[PDB]
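First, one chain by itself: the form solved without the named molecule, in structure tokens.
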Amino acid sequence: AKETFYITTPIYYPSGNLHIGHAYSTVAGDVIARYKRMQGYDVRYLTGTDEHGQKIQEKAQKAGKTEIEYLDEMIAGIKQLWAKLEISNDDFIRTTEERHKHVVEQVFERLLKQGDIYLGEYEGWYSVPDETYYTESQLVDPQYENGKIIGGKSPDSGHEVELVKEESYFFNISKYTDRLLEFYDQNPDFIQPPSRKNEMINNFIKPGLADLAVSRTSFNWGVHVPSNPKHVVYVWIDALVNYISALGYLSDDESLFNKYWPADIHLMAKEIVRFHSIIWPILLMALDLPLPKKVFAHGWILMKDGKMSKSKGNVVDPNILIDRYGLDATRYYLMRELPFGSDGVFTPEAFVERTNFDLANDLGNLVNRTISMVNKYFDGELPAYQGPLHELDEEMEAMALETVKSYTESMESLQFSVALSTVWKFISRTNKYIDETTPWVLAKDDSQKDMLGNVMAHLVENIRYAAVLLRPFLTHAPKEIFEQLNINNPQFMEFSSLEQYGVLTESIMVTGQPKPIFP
């Protein structure tokens, strides 16, 4: 077998308007997926949607549609974005799918039988419009009476909160506390970034874990608890098991599950990392199922006003960006501007600057300079590579291998903006190499055609290296670079083709008519 690799994005909630940060997750998952497939893994890459709850019932009803009708339309639009981003997801899990709903049912009923889930009462500070409960310390403008909390406001919307008591099934999770802590100890790389682990052991595990209310009686649109249909499965169990339902767990064909579980990486935004680090492995322990090998939270893409939403007036539509500026530009900015363990920022100015200077100038003009010259000096015939003939070739070819080495180390540690900048260090140095070798000077001396060709050989081989490294990130530039150069063998486009510098042992006819990589 190709060794398997299973990567996931969270399931998105179909409110209707998607930012660059929802886009960030799918694009990054895609970079990981494309990269793993290039390394020879049997990849499965999952995304999908969280389709249940009170808020969808309401959305549907305002739009004047049934839930499904409303849902199908939100999802058509979601899947359209991911097609337009060229997300290489192998499947798309909808929580409204029988395959998912059947898992939810069975999972719930089993934890009931085991005695992990019990009937009690939830009490909390509820916000009607937010469809969300808040802790006393999360309240804004709290109201006190003789030292006791009596009311306050939602920190999201600022609507008044109201104390609600309600009947809930509860999943007893603190019973798995010491196992979880042992699982963290035996799996040190589990939580990425790892600085995220202690804040969580501190803030959430050691206080320690409260029983989790996992159903409600207050909505209809959702998976009903079979032994008790008045109760509907709340977000925790419904959303998490997306990752195992998509694989045919507990169906009649569990081959995908047997093949791909456990996941190698759950990728997520930081707001739900706690849920995937604590609740999720505990639920898996309760099901006697293997735990995922890694969970990775990325930061947010912020503005100058500051975090991104419909409300502040700071929403950026990935869609218009692809249209305005091109696909490769958009994918590039997102991956290039979000460091591991940090938030990033969208400025229209920063965007155009990164697209112009990195992509169009550094890369695009290296390619056009190089073809122009092969066409001026050799009428389109690129002399086959020979060896490191020029004083600078030996350390430049070393730099090419060092580029690939340092890129791979960044790709494995999830440090994408660093893998990209490393490639661009090599990009720039290849541009420097034209200035250094001044081919036009060589071109005037007939006894220098060998060296001229050596210089050209290097430039192209340097371009080819950068195109291969960029393939997980950019779905257009690399292919269009290989065509322009008339590198037409699929093998010369793979990672293995980078182990030894100078791979074009025969003459090739670069394009007569080179156009911009980035228009």
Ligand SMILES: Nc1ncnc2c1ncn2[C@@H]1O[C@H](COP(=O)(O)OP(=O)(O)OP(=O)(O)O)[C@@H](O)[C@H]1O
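Numbering starts at 1 and follows the sequence shown. Rigid core (definition): largest C-alpha set, two forms, superposition within 1.5 Å.
We do not show the form solved in complex with the named molecule, though everything after this point is about it.
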Among 486-494, 60-68, 23-31, 459-467, the region lying within 4.5 Å of the named molecule in the entry with it bound by heavy atom distance = 23-31
Would you mind picking the one in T408, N187, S309, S428 that has a heavy atom within 4.5 Å of the named molecule in the entry with it bound?
-> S309
Exactly one of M399, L209, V295, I301 comes within 4.5 Å of the named molecule in the entry with it bound through a heavy atom, and that residue is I301
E271 near the named molecule in the entry with it bound, any heavy atom under 4.5 Å?
-> yes
Contact label in the entry with it bound: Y501 to the named molecule, heavy atom within 4.5 Å | no
Hey, after the core superposition between the shown form and the other one, which of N365, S342, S428, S309 has the C-alpha moving 2 angstroms or more?
-> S309
Can we say the CA of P155 moves by at least 2 Å between the shown form and the other one when the core is superposed?
-> yes
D288: with the rigid core matched between the shown form and the other one, does its Cα shift 2 Å or more?
-> no
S255 C-alpha relocation of at least 2 Å between the shown form and the other one, rigid core basis | no
Using the form shown as baseline, tell whether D50 and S311 are closer or farther in Cα-Cα distance in the entry with it bound, where the change reaches 3 Å or more.
-> closer
Hey, the CA atoms of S157 and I75 end up closer or farther in the entry with it bound than in the shown form, with the change being 3 Å or more?
-> farther
